[PDB]
file target.cif (mmCIF, C-alpha atoms)
data_entry
#
loop_
_atom_site.label_atom_id
_atom_site.label_comp_id
_atom_site.auth_asym_id
_atom_site.auth_seq_id
_atom_site.Cartn_x
_atom_site.Cartn_y
_atom_site.Cartn_z
CA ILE D 1 0.00 0.00 0.00
CA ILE D 2 1.17 3.51 -0.82
CA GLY D 3 -0.24 6.38 1.19
CA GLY D 4 -1.40 4.32 4.17
CA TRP D 5 -0.34 4.05 7.79
CA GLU D 6 1.21 1.32 9.94
CA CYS D 7 -1.55 -0.91 11.28
CA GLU D 8 -1.80 -1.66 14.99
CA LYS D 9 0.27 -4.80 15.62
CA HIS D 10 -1.89 -7.95 15.31
CA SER D 11 -4.97 -5.94 14.48
CA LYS D 12 -5.34 -7.95 11.22
CA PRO D 13 -4.64 -11.44 12.63
CA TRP D 14 -6.06 -13.13 9.51
CA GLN D 15 -3.36 -11.46 7.37
CA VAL D 16 -1.10 -13.86 5.54
CA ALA D 17 2.34 -13.39 4.01
CA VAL D 18 3.06 -15.68 1.06
CA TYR D 19 6.73 -16.17 0.21
CA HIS D 20 8.62 -18.06 -2.48
CA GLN D 21 12.23 -19.16 -1.87
CA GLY D 22 12.61 -16.33 0.98
CA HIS D 23 11.11 -13.68 -1.34
CA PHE D 24 7.83 -12.03 -0.42
CA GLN D 25 5.15 -12.55 -3.07
CA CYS D 26 1.71 -11.55 -1.79
CA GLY D 27 -0.72 -11.39 1.06
CA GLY D 28 -3.75 -13.57 1.78
CA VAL D 29 -6.55 -14.19 4.28
CA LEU D 30 -6.77 -17.06 6.76
CA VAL D 31 -10.40 -18.20 6.24
CA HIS D 32 -10.21 -21.54 8.14
CA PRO D 33 -7.36 -23.04 10.22
CA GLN D 34 -6.46 -25.13 7.16
CA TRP D 35 -7.08 -22.58 4.39
CA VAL D 36 -5.70 -19.36 2.93
CA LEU D 37 -7.57 -17.32 0.32
CA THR D 38 -5.40 -15.29 -2.03
CA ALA D 39 -5.14 -14.21 -5.71
CA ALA D 40 -4.72 -16.84 -8.45
CA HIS D 41 -1.85 -14.79 -9.95
CA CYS D 42 0.10 -15.48 -6.73
CA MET D 43 0.28 -19.32 -7.85
CA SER D 44 3.77 -20.75 -7.28
CA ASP D 45 5.51 -24.14 -7.22
CA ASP D 46 6.61 -23.89 -3.57
CA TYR D 47 4.77 -21.85 -0.95
CA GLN D 48 6.13 -20.57 2.33
CA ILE D 49 3.16 -19.30 4.34
CA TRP D 50 3.60 -16.99 7.30
CA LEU D 51 0.90 -16.18 9.80
CA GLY D 52 1.09 -13.81 12.77
CA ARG D 53 3.43 -11.31 11.11
CA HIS D 54 3.76 -7.60 11.58
CA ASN D 55 7.27 -6.50 10.57
CA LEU D 56 8.58 -8.74 7.78
CA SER D 57 12.05 -7.26 8.25
CA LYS D 58 12.69 -9.05 11.53
CA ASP D 59 12.10 -12.29 13.38
CA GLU D 60 8.86 -12.30 15.37
CA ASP D 61 7.79 -14.59 18.17
CA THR D 62 4.15 -14.69 16.93
CA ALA D 63 5.24 -15.83 13.46
CA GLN D 64 3.85 -19.22 12.41
CA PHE D 65 5.33 -21.09 9.43
CA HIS D 66 3.20 -23.29 7.13
CA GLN D 67 3.58 -25.30 3.97
CA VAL D 68 0.80 -25.91 1.45
CA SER D 69 -0.55 -29.32 0.44
CA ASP D 70 -2.85 -28.30 -2.45
CA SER D 71 -3.99 -25.28 -4.49
CA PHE D 72 -7.53 -24.73 -5.86
CA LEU D 73 -8.13 -21.97 -8.43
CA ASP D 74 -11.48 -20.45 -9.26
CA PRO D 75 -12.47 -22.70 -12.21
CA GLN D 76 -13.37 -19.61 -14.30
CA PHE D 77 -9.95 -18.00 -13.97
CA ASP D 78 -8.31 -17.75 -17.40
CA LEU D 79 -5.32 -20.07 -17.00
CA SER D 80 -3.43 -18.44 -19.90
CA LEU D 81 -2.88 -15.50 -17.54
CA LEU D 82 -0.52 -17.69 -15.48
CA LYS D 83 2.10 -17.45 -18.24
CA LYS D 84 2.48 -13.69 -17.67
CA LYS D 85 4.86 -12.34 -15.03
CA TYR D 86 2.48 -9.38 -14.62
CA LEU D 87 -1.19 -8.98 -15.36
CA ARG D 88 -2.32 -5.88 -17.29
CA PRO D 89 -4.37 -2.99 -15.82
CA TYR D 90 -7.30 -4.09 -18.03
CA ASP D 91 -7.27 -7.74 -16.99
CA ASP D 92 -10.47 -9.00 -15.36
CA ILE D 93 -10.04 -9.59 -11.61
CA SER D 94 -13.47 -11.27 -11.19
CA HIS D 95 -12.12 -14.81 -10.93
CA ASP D 96 -8.55 -14.11 -9.80
CA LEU D 97 -8.94 -16.19 -6.65
CA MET D 98 -7.21 -19.23 -5.20
CA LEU D 99 -7.56 -21.37 -2.09
CA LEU D 100 -4.41 -22.84 -0.54
CA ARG D 101 -4.82 -25.84 1.75
CA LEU D 102 -2.29 -25.80 4.58
CA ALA D 103 -0.41 -29.04 5.25
CA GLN D 104 -0.99 -28.51 9.02
CA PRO D 105 -3.79 -26.43 10.60
CA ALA D 106 -2.97 -22.98 11.96
CA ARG D 107 -2.82 -22.67 15.73
CA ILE D 108 -5.29 -19.97 16.76
CA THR D 109 -3.71 -17.30 19.01
CA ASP D 110 -4.04 -13.56 19.72
CA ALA D 111 -1.93 -13.02 16.59
CA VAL D 112 -3.45 -15.70 14.31
CA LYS D 113 -7.22 -15.80 13.75
CA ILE D 114 -9.60 -16.59 10.92
CA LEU D 115 -11.70 -13.98 9.17
CA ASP D 116 -15.36 -14.92 8.84
CA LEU D 117 -17.04 -14.88 5.42
CA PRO D 118 -19.72 -12.17 4.83
CA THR D 119 -23.35 -12.86 5.83
CA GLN D 120 -24.94 -9.96 3.94
CA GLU D 121 -24.35 -7.69 0.95
CA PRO D 122 -22.11 -4.68 1.56
CA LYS D 123 -23.86 -1.15 1.97
CA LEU D 124 -22.71 1.69 -0.22
CA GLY D 125 -21.06 4.39 1.80
CA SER D 126 -19.63 2.07 4.45
CA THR D 127 -16.10 2.58 5.78
CA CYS D 128 -13.61 -0.07 4.76
CA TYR D 129 -10.03 -1.05 5.62
CA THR D 130 -7.49 -3.11 3.78
CA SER D 131 -3.96 -4.14 4.73
CA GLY D 132 -0.75 -5.34 3.14
CA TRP D 133 3.00 -5.11 2.76
CA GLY D 134 3.08 -4.34 -0.97
CA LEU D 135 5.89 -1.98 -2.05
CA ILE D 136 6.28 0.31 -5.03
CA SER D 137 9.42 -1.70 -5.86
CA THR D 138 7.46 -4.42 -7.62
CA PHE D 139 10.40 -5.68 -9.73
CA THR D 140 12.84 -6.10 -6.83
CA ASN D 141 11.11 -6.47 -3.46
CA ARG D 142 7.37 -6.98 -3.51
CA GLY D 143 6.81 -6.57 0.24
CA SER D 144 8.76 -5.81 3.40
CA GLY D 145 8.66 -3.85 6.68
CA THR D 146 5.54 -3.20 8.74
CA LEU D 147 2.01 -4.06 7.76
CA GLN D 148 0.24 -1.06 6.28
CA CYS D 149 -3.42 -0.12 6.40
CA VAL D 150 -5.68 2.34 4.63
CA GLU D 151 -9.21 3.66 5.20
CA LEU D 152 -11.59 3.68 2.20
CA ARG D 153 -15.26 4.26 1.43
CA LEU D 154 -17.36 1.68 -0.47
CA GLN D 155 -18.79 3.35 -3.58
CA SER D 156 -21.01 2.44 -6.53
CA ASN D 157 -18.94 0.42 -8.99
CA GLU D 158 -19.22 3.04 -11.73
CA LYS D 159 -17.00 5.36 -9.67
CA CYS D 160 -14.06 3.00 -10.40
CA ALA D 161 -15.07 2.13 -13.97
CA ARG D 162 -14.01 5.12 -16.08
CA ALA D 163 -10.52 3.95 -17.09
CA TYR D 164 -11.39 0.27 -17.77
CA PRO D 165 -15.19 -0.07 -17.93
CA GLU D 166 -14.90 -3.69 -19.09
CA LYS D 167 -13.62 -4.54 -15.59
CA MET D 168 -16.97 -3.59 -14.02
CA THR D 169 -18.68 -6.91 -13.19
CA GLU D 170 -20.78 -8.50 -10.44
CA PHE D 171 -17.52 -9.86 -8.99
CA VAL D 172 -15.78 -6.60 -8.06
CA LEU D 173 -16.02 -3.77 -5.56
CA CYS D 174 -15.11 -0.08 -5.71
CA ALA D 175 -13.59 1.44 -2.57
CA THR D 176 -12.24 4.95 -2.85
CA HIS D 177 -9.76 7.09 -0.93
CA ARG D 178 -9.80 10.77 0.04
CA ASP D 179 -7.63 12.01 -2.85
CA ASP D 180 -5.13 10.59 -5.37
CA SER D 181 -2.86 9.85 -2.38
CA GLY D 182 -3.48 6.10 -2.03
CA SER D 183 -2.54 3.12 -4.17
CA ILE D 184 -2.48 -0.63 -3.98
CA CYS D 185 0.51 -2.65 -5.15
CA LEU D 186 1.02 -6.14 -6.51
CA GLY D 187 2.28 -7.47 -3.17
CA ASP D 188 -0.97 -6.40 -1.47
CA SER D 189 -2.82 -9.07 -3.46
CA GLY D 190 -4.79 -11.34 -1.13
CA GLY D 191 -5.47 -8.70 1.51
CA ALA D 192 -8.94 -8.57 3.03
CA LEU D 193 -11.19 -5.58 2.42
CA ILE D 194 -13.37 -5.24 5.52
CA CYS D 195 -16.37 -2.91 5.17
CA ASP D 196 -18.49 -2.02 8.20
CA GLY D 197 -16.62 -4.75 10.07
CA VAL D 198 -17.42 -7.52 7.48
CA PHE D 199 -15.03 -9.26 5.04
CA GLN D 200 -16.36 -8.13 1.64
CA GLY D 201 -13.47 -7.96 -0.78
CA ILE D 202 -9.99 -9.28 -1.41
CA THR D 203 -7.20 -7.44 -3.20
CA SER D 204 -6.36 -8.75 -6.66
CA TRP D 205 -3.90 -6.51 -8.45
CA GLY D 206 -1.35 -8.18 -10.66
CA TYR D 207 0.30 -5.35 -12.61
CA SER D 208 3.78 -3.98 -11.96
CA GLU D 209 2.58 -0.39 -11.58
CA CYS D 210 0.58 0.38 -8.42
CA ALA D 211 -3.10 1.34 -8.80
CA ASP D 212 -4.92 4.39 -7.44
CA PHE D 213 -8.01 3.16 -5.56
CA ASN D 214 -10.09 5.84 -7.24
CA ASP D 215 -9.39 4.82 -10.85
CA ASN D 216 -9.26 1.02 -10.79
CA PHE D 217 -11.08 -2.11 -9.67
CA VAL D 218 -8.60 -3.75 -7.31
CA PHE D 219 -10.93 -5.73 -5.01
CA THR D 220 -12.59 -9.00 -5.97
CA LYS D 221 -16.01 -9.20 -4.29
CA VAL D 222 -16.29 -12.12 -1.82
CA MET D 223 -20.11 -12.66 -1.73
CA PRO D 224 -20.53 -14.16 -5.27
CA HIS D 225 -17.71 -16.60 -4.50
CA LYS D 226 -19.22 -17.92 -1.20
CA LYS D 227 -20.59 -21.18 -2.63
CA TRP D 228 -17.31 -22.14 -4.28
CA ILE D 229 -15.17 -21.09 -1.30
CA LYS D 230 -17.35 -22.98 1.21
CA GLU D 231 -17.80 -26.08 -0.98
CA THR D 232 -14.08 -26.30 -1.72
CA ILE D 233 -13.25 -26.18 1.99
CA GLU D 234 -16.02 -28.68 2.86
CA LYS D 235 -14.92 -31.20 0.21
CA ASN D 236 -11.14 -30.98 0.68
CA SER D 237 -10.32 -30.43 4.37
#

call {"tool": "encode", "arguments": {"input": "target.cif", "output": "structure tokens"}}
result
Amino acid sequence: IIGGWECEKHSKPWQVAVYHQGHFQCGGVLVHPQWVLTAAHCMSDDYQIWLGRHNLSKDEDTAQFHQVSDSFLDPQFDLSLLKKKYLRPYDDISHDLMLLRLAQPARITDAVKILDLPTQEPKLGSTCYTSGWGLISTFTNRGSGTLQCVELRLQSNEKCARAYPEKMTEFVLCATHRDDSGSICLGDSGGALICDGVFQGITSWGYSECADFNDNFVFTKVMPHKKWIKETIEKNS
């Protein structure tokens, strides 16, 4: 996140850090002790999953290390996108979602907790928060340092649709920021968007340039994916 603030330590205890070979790749959400939800463009051949983190730049006692046993992509994700190192600003984020099954269940602590799925549609005008470690340095270090947060307002989708109207679907949300001061970065992918205290969106931004909240769809909407998320967990735990 660019233009945010350092979150209170352990205030986002569902926040995941996904690494590959010691290099930070993206965020994610712990949605069940055995499951992380993140973006499909964050697929890799060897996951290192970290729960309970705050400052990625140092060792932390609350940190919990996990490997992954299986990956499940939204079946409607266009698999040809996986060949690209970076998605394009016009690429559809509707189905850019993946569930990672943890080899061993997370231990629930003050620092490591699940985030419940939404039980109602989000209201326009609600206050939202998202979190992540994504840096502007997307070619060299995708995430480091302390977990950042930003406050947003949930808006009608058309407010985010002007640059790429084709990205406006039933599977996205529009959450704006006070001025042109805030952007989301690739490494923020997988971060929860929590609106009026409910998990409603998840960051899915795969391009190398960071995105202003006000001009782009960067959050995949969780509600239309509930059946698939819940059924995948039920069938594969």

call {"tool": "closest_residue", "arguments": {"input": "target.cif", "among": "D:56, D:163, D:229, D:186", "to": "residue 116 (chain D)", "atoms": "only C-alpha atoms"}}
result
D:229

call {"tool": "resolve_selection", "arguments": {"input": "target.cif", "expression": "the PyMOL selection byres ((chain D and resi 32-43) around 7)", "output": "PyMOL selection string"}}
result
chain D and resi 25-31+44+73+82+96-102+104-106+114+189-190+204+206

call {"tool": "resolve_selection", "arguments": {"input": "target.cif", "expression": "the PyMOL selection byres ((chain D and resi 144-153) around 7)", "output": "list in words"}}
result
residues 1, 4, 5, 6, 7, 54, 55, 56, 57, 125, 126, 127, 128, 129, 130, 131, 132, 133, 143, 154, 155, 175, 176 and 177 of chain D

call {"tool": "atom_distance", "arguments": {"input": "target.cif", "atom1": "CA of residue 198 (chain D)", "atom2": "CA of residue 228 (chain D)"}}
result
18.8 Å

call {"tool": "residues_around", "arguments": {"input": "target.cif", "residues": "residue 91 (chain D)", "least_positions_apart": "3", "cutoff": "9 Å", "atoms": "all atoms listed in the file", "output": "number ranges by chain"}}
result
D: 81, 87-88, 166-167, 206

call {"tool": "atom_distance", "arguments": {"input": "target.cif", "atom1": "CA of residue 103 (chain D)", "atom2": "CA of residue 67 (chain D)"}}
result
5.6 Å
